[PDB]
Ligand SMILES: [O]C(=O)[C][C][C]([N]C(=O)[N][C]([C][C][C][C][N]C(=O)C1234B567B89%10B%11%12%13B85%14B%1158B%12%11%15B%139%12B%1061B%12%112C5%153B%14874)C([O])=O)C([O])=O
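Encoded as C-alpha cells, the following chain is the form solved without the ligand, with no partner shown.
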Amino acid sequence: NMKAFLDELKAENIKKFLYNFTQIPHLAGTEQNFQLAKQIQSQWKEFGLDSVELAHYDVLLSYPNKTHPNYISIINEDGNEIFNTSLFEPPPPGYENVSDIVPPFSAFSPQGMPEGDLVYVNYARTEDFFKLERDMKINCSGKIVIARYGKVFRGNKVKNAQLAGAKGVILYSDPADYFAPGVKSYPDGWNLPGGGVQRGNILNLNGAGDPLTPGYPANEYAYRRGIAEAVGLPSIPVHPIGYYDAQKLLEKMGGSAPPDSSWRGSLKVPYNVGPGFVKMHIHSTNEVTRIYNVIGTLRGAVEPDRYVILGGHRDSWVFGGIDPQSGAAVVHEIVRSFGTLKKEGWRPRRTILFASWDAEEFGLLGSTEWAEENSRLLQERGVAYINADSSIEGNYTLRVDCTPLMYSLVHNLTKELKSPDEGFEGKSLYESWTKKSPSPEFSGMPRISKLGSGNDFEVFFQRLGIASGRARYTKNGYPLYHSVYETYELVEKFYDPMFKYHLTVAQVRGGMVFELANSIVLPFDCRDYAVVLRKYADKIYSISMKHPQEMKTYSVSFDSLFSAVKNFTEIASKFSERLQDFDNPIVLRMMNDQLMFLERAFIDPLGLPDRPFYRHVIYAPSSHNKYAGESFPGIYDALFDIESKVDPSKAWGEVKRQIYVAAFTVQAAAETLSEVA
C-alpha cells in the first residue's frame, strides 16, 4: 500500500544521489551526460524495474567554439576594444580543476560581429516594447538592445527584438531581479555574484521539438530540414553577461531618460534608454548531436496498457545542483522505493514509465522527440504525466501546477502528509501550504496554478492532451539559476540541509504517481474542470467587454461559450453520480477510459493559429504574453491589441471564430462524459 511506498523514501538517499549527480557537468551531447545515462540505466535495473532502455535521437544542439571564444566589446571612433566582457565565470571554491565547464552563452544564437549603439529595453517584454514604440517614439532598426533577464521567457525577448528591427541582443542579470536584499553572494550566501551568468537557449519553438524534424522523431533515417528552413532559430546574435560587465556597458548611456521607476534596476547607473551614449563576437556553431533518454518500465498487474509517467531531465548547463539534479535525485529515490516494493512481489495496477530526459535545456528535445516517436501509444494509453525537474527553487512552501483533473488528488494527498515547515511540526502539508499560499479564487484552499510551458510536460499536455502535473518547493526565479554557482553546496548549505524539503517533494510526486497508477477508479474529478472553465469564460468575456462598441457592431456573442460551459457542468455532475453508483471490469474500464480521454478531448487536431504543436484549446501558451497570458489562448490572442488592427471587421470576425472553436470544443469534451450509447 501507499504508506509503505512513502515510508521507504529517505532524505539521506536523496542527498547521496544529488551529490553523485552534481560532481561534474552533464551537458546535453557530451560523453559525461552519456555516462550518467548509462549509470542511471544500470541503477534502475538494480533497483528492480522490468526494463530500462536508452532511446536516442540525433538533434540540433549548439556549442561555443572552444578556440574562438564569444564576447562583447566597447569600441571608440578608431575601432579599438576598450572593455572586454568576461570569457568565463569565476569558478566556485574547490572546482578550479573542473574539466569542460562550458562558458556562458546563448544556445542557438547565429554567428555574427555586429557594431552599433546600445538601447536599454528593460525586460524586452511586449509591454516594454509598446513603451519605446508607442509612447516615446524610440525606433531600433539597426540598434542593439541590451535587456535584463526576467518576467518573460528569454526567447520572447529575442523574438521581440527581432520583430522590432534590432541587430544584436545582449542579456544581463540585474541585481534588482536576482539579488535578494540582505543575503550574501555565493559562496557565503545564495545570491548571484557580479561574475555569474544565466545561460539558456533563445529558441522560439512553440512546441516543435528538434528544429530540424517538426512532427517526427529525429531517428537514424530522419529527413532533416536545412538550417535555413529550421523552426524557431533566431536571426540576430545574442550573448548573456553578469552585472559587473553590464555596469561597464550601461554607465556611459545617454538619450532619453527612463519613463518610470519600473524601468530602473538597482545598479548605480542612470538606466538611460539610449540610443547611443558596442561590438559582439559570436562564433557558436549548431550541430546535429546524439542525445540519450532513459526509459524505465514497471509493468502493471491488471492494466499494463495504461501508462503513468514520472519524467524529468538529466542534462544541466554546468553542475545542475538545483536544475535539474534536485529533481532527478528525487526521481531516483522514488524509482528505488517502487522497485523495493516490486522485489517483495508487489506490482502497480497500471504501468509506470520513468524517464530521464535529455537536451531539455536546449528546447525540450529529449521529451519531445520521444513523444513524437510514441505519440500513438501515448495518446491511446496515457493516463498522466508528472514532471520532475527541480524539487526546490526556495524553502517557503509547496507550489503545484496541474490540470484541474488533479485538484482533489493533490488536496487529498497533502492532507495525509506531514508538513516539513518550521512552526508546523505535527500539522499536515495541506495545512502549511494553504496557510502560506491561499487561493485568490476562493476560499479556504491552497492556490494551484496553471500549467504553462517551458519544461518537459509540454509535449504531453499541450500537444497530446495527457493530464499532467508538477510539484516543487518554492520561495515567497532563484538567483543562481543556470550559473556555474548552482552546486551541491548551494543546496546542502543554503536551501535544504536536512533534505526534508526534497523528501516532501518526493512524497508529493511519488504519491501522485502511486495514486494514479493504483487507484481502481482514476483519481480525476471532472467537476473541477467545470468550475475553472466558468472562471476562464468570465475572464475572457471581461477582456472583450473593454470594447463594447465593437461587440455591438460585429455582434460578438459569448452565449455559445457560456452555454457550452453550463452543459459541461451538468454533464460532469451526472457523470460523477454514475461513477459512485457502479460495481464489473468492463464498466470500470469504460468509465476510466472516459476519465482518461477527457483531457484528450480538449485537443484540436488543427492546433492553434500558426502553432500546430499547441493543440489544447484551454491551456497552451498565448502567442504574445507566454506564461503570463490567459486560458482560451485562441480567443485571448485574437483580442490582444485588437484596437491596433487595420481591418476591424476581419479582426472581430476572428474573435468570433475563436469563440466558436472554444465553445464547440468544450461541448465536445462534455459529450465524452455523456452516457456512451
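Numbers for residues come from their place in the sequence shown, where the first is 1. Shifts are known only where both forms have a C-alpha. Each form is matched to the other, and the largest set of C-alpha atoms that superpose within 1.5 Å is called the rigid core.
What comes next is about the form deposited with the ligand bound, which does not appear here.
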| item | value |
| --- | --- |
| Pocket accessibility after superposing the ligand in the bound PDB entry (3+ atoms within 2.4 Å of backbone/C-beta) | open |
| Interface segment, criterion being heavy atoms within 4.5 Å of the ligand in the bound PDB entry, picked from 350-358, 229-237, 296-304, 389-397 | 389-397 |
| Listed residue (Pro211, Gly320, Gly382, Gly363) with a non-hydrogen atom within 4.5 angstroms of the ligand in the bound PDB entry | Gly363 |
| Partner-contacting position among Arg463, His502, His482, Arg314 - heavy atom within 4.5 Å of the ligand in the bound PDB entry | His482 |
| Exercise: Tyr627 in contact with the ligand in the bound PDB entry, heavy atom 4.5 Å | yes |
| The ligand contact at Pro90 in the bound PDB entry, heavy atom, 4.5 Å | no |
| The ligand contact at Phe129 in the bound PDB entry, heavy atom, 4.5 Å | no |
| Contact test in the bound PDB entry: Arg225 vs the ligand, heavy atoms, 4.5 Å | no |
| Sequence-ordered residues of 458-474 touching the ligand in the bound PDB entry, heavy atom within 4.5 Å | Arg470, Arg472 |
| Displaced position between this form and the one not shown, chosen from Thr30, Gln41, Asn625, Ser631 (C-alpha, 2 Å or more, rigid core) | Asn625 |
| Pairwise C-alpha change, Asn625 versus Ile322, in the bound PDB entry against this form - closer or farther, 3 angstroms or more | closer |
| Distance direction in the bound PDB entry for the C-alpha atoms of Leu639 and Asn625, relative to the displayed form (3 angstroms or more) | farther |
| Regions shifting between this form and the one not shown, defined as 3+ consecutive residues whose CA atoms all move 2 Å or more relative to the core | 622-630 |
